[PDB]
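The structure appears right after this line, and notes come after that.
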Amino acid sequence: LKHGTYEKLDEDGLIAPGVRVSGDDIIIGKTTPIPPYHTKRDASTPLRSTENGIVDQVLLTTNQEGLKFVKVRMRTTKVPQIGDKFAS
Amino acid sequence: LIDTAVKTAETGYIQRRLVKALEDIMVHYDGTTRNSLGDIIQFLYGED
Amino acid sequence: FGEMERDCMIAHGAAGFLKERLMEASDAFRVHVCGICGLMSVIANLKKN
Amino acid sequence: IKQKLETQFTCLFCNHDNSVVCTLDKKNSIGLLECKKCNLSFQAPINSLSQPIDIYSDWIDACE
Amino acid sequence: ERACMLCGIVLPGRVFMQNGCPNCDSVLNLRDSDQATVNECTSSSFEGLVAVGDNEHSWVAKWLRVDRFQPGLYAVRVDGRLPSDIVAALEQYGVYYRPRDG
Amino acid sequence: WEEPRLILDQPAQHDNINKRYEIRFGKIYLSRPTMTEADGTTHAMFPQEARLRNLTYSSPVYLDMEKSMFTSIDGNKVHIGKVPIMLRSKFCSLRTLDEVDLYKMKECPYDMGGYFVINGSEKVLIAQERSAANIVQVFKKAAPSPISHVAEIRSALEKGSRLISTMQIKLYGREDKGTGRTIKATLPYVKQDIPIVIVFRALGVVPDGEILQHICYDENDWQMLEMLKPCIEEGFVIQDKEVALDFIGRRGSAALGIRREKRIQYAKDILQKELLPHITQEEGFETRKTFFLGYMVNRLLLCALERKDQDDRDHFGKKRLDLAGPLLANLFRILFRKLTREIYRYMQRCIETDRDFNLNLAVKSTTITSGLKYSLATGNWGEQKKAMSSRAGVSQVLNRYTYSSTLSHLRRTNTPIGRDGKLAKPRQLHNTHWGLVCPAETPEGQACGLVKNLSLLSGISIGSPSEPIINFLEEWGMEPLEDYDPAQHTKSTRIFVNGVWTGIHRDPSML
Amino acid sequence: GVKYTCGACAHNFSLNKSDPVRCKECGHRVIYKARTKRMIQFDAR
Amino acid sequence: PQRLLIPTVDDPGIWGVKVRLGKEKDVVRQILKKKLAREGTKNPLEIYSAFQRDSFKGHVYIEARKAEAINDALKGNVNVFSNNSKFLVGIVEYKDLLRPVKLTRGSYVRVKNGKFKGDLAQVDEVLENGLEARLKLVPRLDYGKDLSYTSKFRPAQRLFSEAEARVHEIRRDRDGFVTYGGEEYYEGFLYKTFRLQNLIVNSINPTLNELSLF
Amino acid sequence: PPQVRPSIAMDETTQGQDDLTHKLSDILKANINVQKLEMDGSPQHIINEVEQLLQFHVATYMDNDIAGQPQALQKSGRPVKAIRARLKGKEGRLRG
RNA sequence: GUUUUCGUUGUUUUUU
Ligand SMILES: [Mg+2]
Ligand SMILES: [Zn+2]
Ligand SMILES: [Zn+2]
Ligand SMILES: [Zn+2]
Ligand SMILES: [Zn+2]
């Protein structure tokens, strides 16, 4: 598994929209079986360690092959700060 | 702007080649200037 | 670490920092070599020594 | 200056490829060909615009 | 395309179901026997694809014994072995079958 | 219809019967977007749907087949795949719907399409510029070479908008060095150069009088006569079309053993075919080719004399931007040619079984689909097996970081000249972009000065049929090229349409 | 169990990771999850 | 005795033109039918036989006498390399071109095709025709743990026992002989109708598991 | 050793063998094919061709920048990365 | 209970 946490995940392996998020946080809970008990492996999606915010919009749909296919949008404000660039 | 873009790269190439040319030369306790092989370049650094 | 960086700090001549930085802060490694052939063809085990 | 040319051209008699030697001799405007297997030779006038390929073409046009 | 045991001529399997072996059917009766006999006399596994168009003077024909046989596709090697009945009939009629797989 | 017939045969003597299994192709049929769900359900799409579920905004396409039998004893709407469709286009599901249903389908009106949606990814093509083809181009070659001036042209068929070949000429001999000032030509599918007089003689005008007429038109220009004189002197061995042709056919880069029987005919073929196909591709107009060649060599000699400026290669009016039209045309052309190859072959190892193929089990539309998909998604304008020698970066991911970035992104060009050799002419701005590309906007460093942008008033031609122009010229006393005399029409105007010599006229002002 | 909602008809429905994911009410082939049940804060700065 | 039928100079020569890979049989049959149809015509083909061998893949050899006959034969055939990559066949190798060139019961063999591939077997019966043979393997069954196969998801092998089959999930004909699931099991081993194609006996070296078991 | 030419995992578990291992296996196959030639029909020209291909494989596995002859590749259309290619270049072991 | 891991190679873009 990942050094990040999994509690914010949902009972299905997802995360509710509008949930606070920190970097290195597992946002998508996916698993894969192990070729032959205890025959599965982590296939999760930790959030970018440098990126934090809140979940904007959680999509769950099937890809062209019909397999479950999610598109997860996170969001956050970008506040101008010392050294941030501006131009005329 | 074109000339600047060309010149920076070409000059960088020249600098790289030159630094490779003279990367080992040293002044020594004798005050001579010799290479890694020890062949003296100058009998005295800057003659001074 | 850039080539011109090596060039500049050699113009300075910070030999010790150079060696450690290129060793400690990079992929340092230890091996064993047979002097007779002078090559790294040694068959070594430690606990058996 | 003579120029012996051990070419890749195939000769019709002994049917061996690279057996045709197209030695061009422009001195008299008269060509020369040799085979190392059946020793067949061909003759043809050679202008300032003739080549071993043109010589082989002339040979095919003449023999057959 | 099943390679005939005796002569070696090969034709699409439909050909043997319907048109038969040009030379061996007289003694092998592939057209007029159960498909078991056809397959045993003509195996689906073969090797040494030899196309023969002229056999009267071809050295390949003399080696392959198809100088008399109709020109066509021939297989040098045929695996397996003939069952008892086919070879027994061949030897009764005077046809000493020579396996060509060696 | 560029490749409208596949002809097969079967001379089976098992009784000589010629079973010609010929295949013809019907009209092209284009559908609107309609995907198939893994549930099997099919529905017309919308770009945003693909964006959400990572699909490609493409429309199924049908072409009509035709299987015809010609057995002498002596089709259907086939789904060929789905073609990605640029949004808002006549085949676009968003072209209509006005301002309102775009809201219902959650579409920003301020988008103007112009891009391609692939697997939910909006992709934008980058147009490539190029000099105009079939133009005479004389240049001063580097002095350290026997060649002094190089006349160049890449002949391409006007129909199909596709390159065919190129021919180049060179002024052999240096100023009083290299013996005389001779000229030899370079040809497609050859291996050597040939004296220009020889290629004149193989094309019909063996005598040098006609050659000079077609070449020199001011006989007072004795200077021209004496520069060409060594060319005339060296052109005395060949005196008829057949010797000139076999001579030429001897250097046709072909196999060995063609003998003069077929060598002359192959030489005449390459004189006709592969040679100025844009001028003519059939017989009886080799005179037109001779006249055009004489004009081109006359231009070359004028340039050698340097009485005229060397054609500024940077003069932008010669440059030409290939819109998506020619690009996709060539891509689908090669893909359809591969499809033709594979289907015609499958006919071969499926007609042997003499099974009445359904024209369905034979065809796998995956070829065109996957080929276009790769060439676009990865941007390589070429097959996945010809990645090298294939122009990459033609298609790019669009820019939506800000509005105007996208805007320029839709008004950007490309210069496929390569970064090999720094040089200054290309990146340098030239007066001949006046009002054509954004003078100030340009990339930085490697891309600076080469990629360009449509000026706010620059407009791109889509192409028009030319024959009505021919009629207008014919309508107005067009003087043919065969009625062209160096002395008579000494002040007349040579006529050119789409850049090729299309007649003579004496009073051009009124017309 | 978990509460979802359609994008077209605007109806909430719950699947239990057993039904193939399709709109329970208008067949629209794109669903979404709902807000969480925990409380949210904002510094309003 | 074929040795008196050895080739000689008087016999027609052989020109070996290589063709596109996998299309050599195509060229052989093309030449055959082209020769048959053009036999007796005003432009006859001086080719006596055409043949291809498995070892010399991509190599096609035609018995002829003149290069013109070969040139006309291969003319109109696209499956042939554009090159005239042909080398005259010497006297000795004419027969070596057509030269054709072990299995017994109780011999160790390996499986290739299907799902039971890579499992050593011991032949115990051979069909009369010489096409199919029966074996002696180690049965590989999941005992219903995943039934409600492929060649890459299997666990290790174990010798068959009656108690495990009885408990986990079965017709007892002879002592130790049970035909279960369309498969024969004698002495706790595996018997099945395995094609002669699916098996090979030559050049097999037993492995650590095999020496532990066999 | 495998340390030089280990396994690269294009996608998590899916590992594409390092091209060095690929060409090593290729050269071993060519060697064995030459080995498989002589005990059976090996009519000289076949031996010459097979050994020529083996030499081509060895040279490519050494270098693919051999002037006057085209490069070696994989099924992807990508030319093989010869050892020299690994070694030289601005990103080579030395410079890189 | 200590302990403990994500890919490549390309491409194109900009960043000075
Ligand atoms: Mg800056
Ligand atoms: Zn040692
Ligand atoms: Zn000879
Ligand atoms: Zn028979
Ligand atoms: Zn709904």
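Ligands are numbered from 1 in the order shown, residues from 1 within each chain, and chains are lettered A, B, ... in the order they appear in the structure tokens.
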List as JSON lines every residue of chain G that is in contact with ligand 5, defined as an atom at most 6 Å from one of its atoms (using only C-alpha atoms and all ligand atoms), together with the nearest atom pair and the distance in Å rounded to one decimal, sorted by chain and then rising number.
{"residue": "G:6", "atom": "CA", "partner": "ligand 5", "partner_atom_place_in_ligand_line": "1 (Zn)", "distance": 4.4}
{"residue": "G:8", "atom": "CA", "partner": "ligand 5", "partner_atom_place_in_ligand_line": "1 (Zn)", "distance": 5.0}
{"residue": "G:9", "atom": "CA", "partner": "ligand 5", "partner_atom_place_in_ligand_line": "1 (Zn)", "distance": 4.0}
{"residue": "G:10", "atom": "CA", "partner": "ligand 5", "partner_atom_place_in_ligand_line": "1 (Zn)", "distance": 5.9}
{"residue": "G:23", "atom": "CA", "partner": "ligand 5", "partner_atom_place_in_ligand_line": "1 (Zn)", "distance": 4.9}
{"residue": "G:25", "atom": "CA", "partner": "ligand 5", "partner_atom_place_in_ligand_line": "1 (Zn)", "distance": 5.2}
{"residue": "G:26", "atom": "CA", "partner": "ligand 5", "partner_atom_place_in_ligand_line": "1 (Zn)", "distance": 4.0}
{"residue": "G:27", "atom": "CA", "partner": "ligand 5", "partner_atom_place_in_ligand_line": "1 (Zn)", "distance": 5.7}
{"residue": "G:28", "atom": "CA", "partner": "ligand 5", "partner_atom_place_in_ligand_line": "1 (Zn)", "distance": 4.9}
For the selection you just gave me, I'd like the residues written to a file as a CSV table (one decimal), in the first residue's frame, keeping N, CA, C and O atoms.
chain,number,residue,atom,x,y,z
G,6,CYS,N,-28.0,11.7,-11.3
G,6,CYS,CA,-27.9,11.9,-12.7
G,6,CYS,C,-27.4,13.3,-13.1
G,6,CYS,O,-27.6,14.2,-12.4
G,8,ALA,N,-28.5,14.5,-16.3
G,8,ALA,CA,-29.5,15.0,-17.2
G,8,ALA,C,-30.9,15.2,-16.6
G,8,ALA,O,-31.4,16.4,-16.6
G,9,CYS,N,-31.5,14.2,-16.0
G,9,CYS,CA,-32.8,14.3,-15.4
G,9,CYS,C,-32.8,14.9,-14.0
G,9,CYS,O,-33.8,15.3,-13.5
G,10,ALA,N,-31.6,14.9,-13.4
G,10,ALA,CA,-31.5,15.5,-12.0
G,10,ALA,C,-32.2,14.7,-11.0
G,10,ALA,O,-33.2,15.2,-10.3
G,23,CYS,N,-28.1,5.4,-15.5
G,23,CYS,CA,-29.1,6.2,-14.8
G,23,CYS,C,-30.4,5.4,-14.5
G,23,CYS,O,-30.9,4.7,-15.4
G,25,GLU,N,-33.2,6.3,-13.9
G,25,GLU,CA,-34.5,7.0,-14.2
G,25,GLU,C,-34.6,7.5,-15.6
G,25,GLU,O,-35.7,7.6,-16.2
G,26,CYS,N,-33.5,8.0,-16.3
G,26,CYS,CA,-33.6,8.4,-17.7
G,26,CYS,C,-32.5,7.9,-18.5
G,26,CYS,O,-32.3,8.4,-19.6
G,27,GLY,N,-31.8,6.8,-18.1
G,27,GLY,CA,-30.9,6.1,-19.0
G,27,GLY,C,-29.6,6.9,-19.3
G,27,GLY,O,-28.8,6.4,-20.1
G,28,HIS,N,-29.5,8.2,-18.8
G,28,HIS,CA,-28.3,8.9,-19.1
G,28,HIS,C,-27.1,8.2,-18.6
G,28,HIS,O,-27.1,7.6,-17.5
query = If we count only C-alpha atoms (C1' of nucleotides), what is near region 6-13 of chain J at a cut-off of 7 Å, once residues fewer than 5 positions away on the same chain are taken out, given as a PyMOL selection string?
reply = (chain F and resi 393) or (chain I and resi 8-12)
For ligand 2, list the contacting residues at 7 Å or closer, counting only C-alpha atoms (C1' of nucleotides) and all ligand atoms, as a tab-separated table (two decimals) with C-alpha atoms, in the first residue's frame.
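Final file, part-v3.tsv:
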chain	number	residue	atom	x	y	z
C	34	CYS	CA	41.87	-8.31	-7.78
C	35	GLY	CA	45.18	-6.47	-8.01
C	36	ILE	CA	46.89	-9.25	-9.97
C	37	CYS	CA	44.60	-8.80	-12.95
C	38	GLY	CA	43.76	-5.37	-11.55
C	39	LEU	CA	40.08	-5.91	-12.38
C	41	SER	CA	36.65	-9.86	-10.68
ask   = Within 12 Å of ligand 3, counting only C-alpha atoms (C1' of nucleotides) and all ligand atoms, which protein or nucleic acid residues do you find, written as JSON, numbers by chain?
value = {"D": [8, 9, 10, 11, 12, 13, 14, 15, 16, 17, 18, 19, 20, 21, 33, 34, 35, 36, 37, 38, 39, 40, 41, 42]}
task = Check every protein, DNA and RNA residue against ligand 4, keep those with an atom at most 7 Å away (counting only C-alpha atoms (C1' of nucleotides) and all ligand atoms), and present them as number ranges by chain.
result = E: 4-9, 21-25
Any idea what's packed within 7 Å of region 26-33 of chain A, counting only C-alpha atoms (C1' of nucleotides), ignoring anything in its chain fewer than 6 positions away? Could you give it as a PDB file with N, CA, C and O atoms, in the first residue's frame?
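Output file part_22.pdb is given in full below:
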ATOM      1  N   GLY A   4       0.602   7.096   2.198  1.00  0.00           N
ATOM      2  CA  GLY A   4      -0.522   7.975   2.431  1.00  0.00           C
ATOM      3  C   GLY A   4      -1.690   7.230   3.051  1.00  0.00           C
ATOM      4  O   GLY A   4      -1.692   6.006   3.189  1.00  0.00           O
ATOM      5  N   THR A   5      -2.707   7.998   3.426  1.00  0.00           N
ATOM      6  CA  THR A   5      -3.863   7.470   4.132  1.00  0.00           C
ATOM      7  C   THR A   5      -4.969   7.097   3.153  1.00  0.00           C
ATOM      8  O   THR A   5      -4.977   7.530   1.998  1.00  0.00           O
ATOM      9  N   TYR A   6      -5.913   6.294   3.643  1.00  0.00           N
ATOM     10  CA  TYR A   6      -7.012   5.769   2.844  1.00  0.00           C
ATOM     11  C   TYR A   6      -8.371   6.050   3.475  1.00  0.00           C
ATOM     12  O   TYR A   6      -9.404   5.757   2.867  1.00  0.00           O
ATOM     13  N   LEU A   9     -11.086   7.878   1.644  1.00  0.00           N
ATOM     14  CA  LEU A   9     -11.766   7.103   0.624  1.00  0.00           C
ATOM     15  C   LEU A   9     -13.155   6.708   1.112  1.00  0.00           C
ATOM     16  O   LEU A   9     -13.471   6.778   2.303  1.00  0.00           O
ATOM     17  N   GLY A  13     -14.223   2.801  -2.500  1.00  0.00           N
ATOM     18  CA  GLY A  13     -12.881   3.036  -2.992  1.00  0.00           C
ATOM     19  C   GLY A  13     -12.756   4.372  -3.695  1.00  0.00           C
ATOM     20  O   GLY A  13     -11.839   4.578  -4.495  1.00  0.00           O
ATOM     21  N   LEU A  14     -13.678   5.288  -3.403  1.00  0.00           N
ATOM     22  CA  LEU A  14     -13.694   6.622  -3.986  1.00  0.00           C
ATOM     23  C   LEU A  14     -13.748   7.646  -2.859  1.00  0.00           C
ATOM     24  O   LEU A  14     -13.633   7.308  -1.679  1.00  0.00           O
ATOM     25  N   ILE A  15     -13.919   8.913  -3.224  1.00  0.00           N
ATOM     26  CA  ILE A  15     -13.998  10.009  -2.268  1.00  0.00           C
ATOM     27  C   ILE A  15     -15.161  10.907  -2.656  1.00  0.00           C
ATOM     28  O   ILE A  15     -15.388  11.167  -3.841  1.00  0.00           O
ATOM     29  N   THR A  39      -4.033 -12.227  -2.377  1.00  0.00           N
ATOM     30  CA  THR A  39      -3.599 -12.218  -3.767  1.00  0.00           C
ATOM     31  C   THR A  39      -4.096 -10.974  -4.493  1.00  0.00           C
ATOM     32  O   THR A  39      -4.563 -11.045  -5.632  1.00  0.00           O
ATOM     33  N   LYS A  40      -4.009  -9.820  -3.840  1.00  0.00           N
ATOM     34  CA  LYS A  40      -4.302  -8.546  -4.475  1.00  0.00           C
ATOM     35  C   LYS A  40      -3.188  -7.558  -4.171  1.00  0.00           C
ATOM     36  O   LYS A  40      -2.391  -7.754  -3.250  1.00  0.00           O
ATOM     37  N   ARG A  41      -3.135  -6.496  -4.969  1.00  0.00           N
ATOM     38  CA  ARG A  41      -2.098  -5.482  -4.864  1.00  0.00           C
ATOM     39  C   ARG A  41      -2.726  -4.100  -4.932  1.00  0.00           C
ATOM     40  O   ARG A  41      -3.755  -3.896  -5.582  1.00  0.00           O
ATOM     41  N   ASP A  42      -2.093  -3.152  -4.248  1.00  0.00           N
ATOM     42  CA  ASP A  42      -2.536  -1.768  -4.303  1.00  0.00           C
ATOM     43  C   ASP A  42      -2.432  -1.229  -5.724  1.00  0.00           C
ATOM     44  O   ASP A  42      -1.416  -1.405  -6.402  1.00  0.00           O
ATOM     45  N   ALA A  43      -3.501  -0.571  -6.175  1.00  0.00           N
ATOM     46  CA  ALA A  43      -3.501   0.155  -7.439  1.00  0.00           C
ATOM     47  C   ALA A  43      -4.091   1.545  -7.248  1.00  0.00           C
ATOM     48  O   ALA A  43      -4.766   2.070  -8.139  1.00  0.00           O
ATOM     49  N   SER A  44      -3.834   2.151  -6.092  1.00  0.00           N
ATOM     50  CA  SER A  44      -4.509   3.375  -5.695  1.00  0.00           C
ATOM     51  C   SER A  44      -3.915   4.581  -6.420  1.00  0.00           C
ATOM     52  O   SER A  44      -3.003   4.467  -7.244  1.00  0.00           O
ATOM     53  N   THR A  45      -4.453   5.757  -6.101  1.00  0.00           N
ATOM     54  CA  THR A  45      -4.035   7.023  -6.702  1.00  0.00           C
ATOM     55  C   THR A  45      -3.816   8.050  -5.598  1.00  0.00           C
ATOM     56  O   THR A  45      -4.751   8.754  -5.196  1.00  0.00           O
ATOM     57  N   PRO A  46      -2.597   8.149  -5.068  1.00  0.00           N
ATOM     58  CA  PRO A  46      -2.301   9.237  -4.129  1.00  0.00           C
ATOM     59  C   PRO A  46      -2.319  10.590  -4.823  1.00  0.00           C
ATOM     60  O   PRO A  46      -1.955  10.720  -5.993  1.00  0.00           O
ATOM     61  N   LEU A  47      -2.753  11.604  -4.082  1.00  0.00           N
ATOM     62  CA  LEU A  47      -2.743  12.959  -4.603  1.00  0.00           C
ATOM     63  C   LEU A  47      -1.315  13.493  -4.653  1.00  0.00           C
ATOM     64  O   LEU A  47      -0.455  13.118  -3.851  1.00  0.00           O
TER      65      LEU A  47
END
12 Å contact set for region 212-224 of chain F, only C-alpha atoms (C1' of nucleotides), chain neighbours under 6 positions out, as a ChimeraX atom specification = /F:181,196-197,200,205-206,230-232,287-307,481-492,494
Store the residues picked out above in a file with N, CA and C atoms, as a compact mmCIF listing (two decimals), in the first residue's frame.
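The new file out-v5.txt reads:
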# COMPACT_ATOMS: atom_id res chain seq x y z
N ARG F 181 30.71 26.00 -71.43
CA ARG F 181 29.61 26.20 -70.48
C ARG F 181 28.48 25.26 -70.87
N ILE F 196 21.54 18.43 -72.51
CA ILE F 196 20.18 18.91 -72.68
C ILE F 196 19.72 18.71 -74.12
N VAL F 197 20.64 18.89 -75.07
CA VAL F 197 20.30 18.68 -76.48
C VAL F 197 19.79 17.27 -76.68
N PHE F 200 16.29 16.99 -75.73
CA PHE F 200 15.50 17.61 -76.79
C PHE F 200 15.28 16.66 -77.96
N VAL F 205 12.37 17.11 -81.32
CA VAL F 205 13.17 18.11 -82.03
C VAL F 205 14.63 17.71 -81.97
N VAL F 206 15.04 16.81 -82.86
CA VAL F 206 16.45 16.45 -82.98
C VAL F 206 17.25 17.64 -83.52
N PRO F 230 28.67 25.29 -76.86
CA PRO F 230 29.22 23.99 -76.45
C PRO F 230 28.14 22.94 -76.27
N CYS F 231 26.97 23.32 -75.76
CA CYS F 231 25.86 22.38 -75.69
C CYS F 231 25.45 21.93 -77.09
N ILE F 232 25.48 22.84 -78.06
CA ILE F 232 25.16 22.46 -79.43
C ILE F 232 26.27 21.60 -80.02
N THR F 287 5.59 18.47 -77.74
CA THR F 287 5.96 19.79 -78.23
C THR F 287 5.75 20.86 -77.17
N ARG F 288 4.65 20.76 -76.41
CA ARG F 288 4.45 21.68 -75.30
C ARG F 288 5.57 21.54 -74.28
N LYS F 289 5.97 20.31 -73.98
CA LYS F 289 7.09 20.10 -73.08
C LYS F 289 8.37 20.71 -73.63
N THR F 290 8.60 20.57 -74.94
CA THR F 290 9.80 21.15 -75.53
C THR F 290 9.79 22.66 -75.41
N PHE F 291 8.64 23.28 -75.69
CA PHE F 291 8.55 24.73 -75.56
C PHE F 291 8.78 25.18 -74.12
N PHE F 292 8.16 24.49 -73.16
CA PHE F 292 8.34 24.86 -71.76
C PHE F 292 9.78 24.65 -71.32
N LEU F 293 10.41 23.56 -71.75
CA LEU F 293 11.80 23.32 -71.41
C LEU F 293 12.70 24.39 -72.01
N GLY F 294 12.42 24.79 -73.25
CA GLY F 294 13.19 25.86 -73.85
C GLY F 294 13.06 27.15 -73.08
N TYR F 295 11.84 27.48 -72.66
CA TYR F 295 11.64 28.66 -71.83
C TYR F 295 12.41 28.56 -70.52
N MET F 296 12.33 27.41 -69.85
CA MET F 296 13.00 27.25 -68.57
C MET F 296 14.52 27.37 -68.72
N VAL F 297 15.08 26.75 -69.75
CA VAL F 297 16.52 26.85 -69.96
C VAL F 297 16.89 28.26 -70.38
N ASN F 298 16.01 28.96 -71.10
CA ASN F 298 16.25 30.36 -71.40
C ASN F 298 16.32 31.19 -70.13
N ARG F 299 15.41 30.94 -69.19
CA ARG F 299 15.49 31.60 -67.89
C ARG F 299 16.81 31.28 -67.20
N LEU F 300 17.22 30.01 -67.26
CA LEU F 300 18.48 29.61 -66.64
C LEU F 300 19.65 30.37 -67.26
N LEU F 301 19.66 30.51 -68.58
CA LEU F 301 20.75 31.21 -69.25
C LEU F 301 20.72 32.70 -68.95
N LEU F 302 19.52 33.29 -68.86
CA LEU F 302 19.43 34.69 -68.45
C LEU F 302 20.00 34.88 -67.05
N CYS F 303 19.67 33.97 -66.13
CA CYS F 303 20.23 34.02 -64.79
C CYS F 303 21.75 33.86 -64.81
N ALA F 304 22.27 32.94 -65.62
CA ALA F 304 23.71 32.78 -65.74
C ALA F 304 24.35 34.07 -66.23
N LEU F 305 23.78 34.68 -67.27
CA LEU F 305 24.16 36.03 -67.67
C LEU F 305 23.87 37.04 -66.58
N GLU F 306 22.95 36.74 -65.67
CA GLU F 306 22.65 37.60 -64.53
C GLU F 306 22.09 38.94 -65.00
N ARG F 307 21.50 38.96 -66.19
CA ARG F 307 20.74 40.13 -66.62
C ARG F 307 19.48 40.33 -65.80
N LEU F 481 1.05 27.92 -78.28
CA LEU F 481 2.50 27.85 -78.21
C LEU F 481 3.09 27.35 -79.52
N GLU F 482 2.35 26.55 -80.28
CA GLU F 482 2.83 26.08 -81.57
C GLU F 482 2.79 27.17 -82.63
N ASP F 483 2.12 28.29 -82.36
CA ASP F 483 2.11 29.46 -83.24
C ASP F 483 3.11 30.50 -82.76
N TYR F 484 4.17 30.05 -82.09
CA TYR F 484 5.11 30.93 -81.41
C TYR F 484 6.41 30.99 -82.20
N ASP F 485 6.75 32.18 -82.68
CA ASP F 485 7.95 32.42 -83.46
C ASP F 485 8.83 33.43 -82.74
N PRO F 486 10.14 33.18 -82.67
CA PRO F 486 11.01 34.11 -81.92
C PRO F 486 10.97 35.53 -82.45
N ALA F 487 10.84 35.70 -83.76
CA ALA F 487 10.81 37.03 -84.35
C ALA F 487 9.41 37.63 -84.37
N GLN F 488 8.40 36.85 -84.74
CA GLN F 488 7.03 37.35 -84.82
C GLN F 488 6.57 37.83 -83.45
N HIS F 489 6.48 36.91 -82.50
CA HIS F 489 6.11 37.23 -81.12
C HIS F 489 7.32 37.61 -80.28
N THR F 490 8.09 38.59 -80.77
CA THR F 490 9.22 39.12 -80.01
C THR F 490 8.78 40.03 -78.87
N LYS F 491 7.64 40.71 -79.01
CA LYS F 491 7.12 41.59 -77.97
C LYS F 491 5.84 41.06 -77.35
N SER F 492 5.33 39.92 -77.82
CA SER F 492 4.11 39.37 -77.26
C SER F 492 4.37 38.86 -75.84
N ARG F 494 3.94 35.77 -73.17
CA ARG F 494 3.69 34.37 -72.89
C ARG F 494 2.62 34.25 -71.80
request  = Collect all residues with atoms no farther than 12 Å from ligand 1, counting only C-alpha atoms (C1' of nucleotides) and all ligand atoms, and output them as a PyMOL selection string.
outcome  = (chain A and resi 85) or (chain J and resi 15-16)
ask   = Hey, what does DSSP flag as strand (DSSP E or B) within region 28-173 of chain H? Can you give it to me as a count of residues only?
value = 31
request  = Pull out every residue of chain H that has at least one atom within 8 Å of chain A, counting only C-alpha atoms, and report them as a ChimeraX atom specification.
outcome  = /H:153-155
Go ahead and save the residues from that selection, with C-alpha atoms, as a compact mmCIF listing (two decimals), in the first residue's frame.
# COMPACT_ATOMS: atom_id res chain seq x y z
CA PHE H 153 -2.71 -18.74 -14.19
CA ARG H 154 -2.05 -22.29 -13.00
CA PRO H 155 -0.65 -23.35 -9.60
task = Please provide as a ChimeraX atom specification all residues within 12 Å of residue 172 (chain H), with the sequence filter that same-chain residues fewer than 6 positions apart are discarded (counting only C-alpha atoms (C1' of nucleotides)).
result = /H:162,165-166,178-180,184-186
Go ahead and write the selection's residues with C-alpha atoms as a PDB file, in the first residue's frame.
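What ended up in part01.pdb:
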ATOM      1  CA  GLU H 162      -8.798 -40.234  -4.357  1.00  0.00           C
ATOM      2  CA  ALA H 165     -11.217 -35.603  -5.276  1.00  0.00           C
ATOM      3  CA  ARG H 166     -13.881 -37.175  -3.054  1.00  0.00           C
ATOM      4  CA  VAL H 178     -10.810 -43.005 -12.579  1.00  0.00           C
ATOM      5  CA  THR H 179     -12.065 -41.236 -15.713  1.00  0.00           C
ATOM      6  CA  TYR H 180     -12.870 -37.863 -14.131  1.00  0.00           C
ATOM      7  CA  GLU H 184      -8.143 -40.761 -17.371  1.00  0.00           C
ATOM      8  CA  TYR H 185      -6.221 -41.022 -14.081  1.00  0.00           C
ATOM      9  CA  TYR H 186      -4.168 -44.169 -13.412  1.00  0.00           C
TER      10      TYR H 186
END
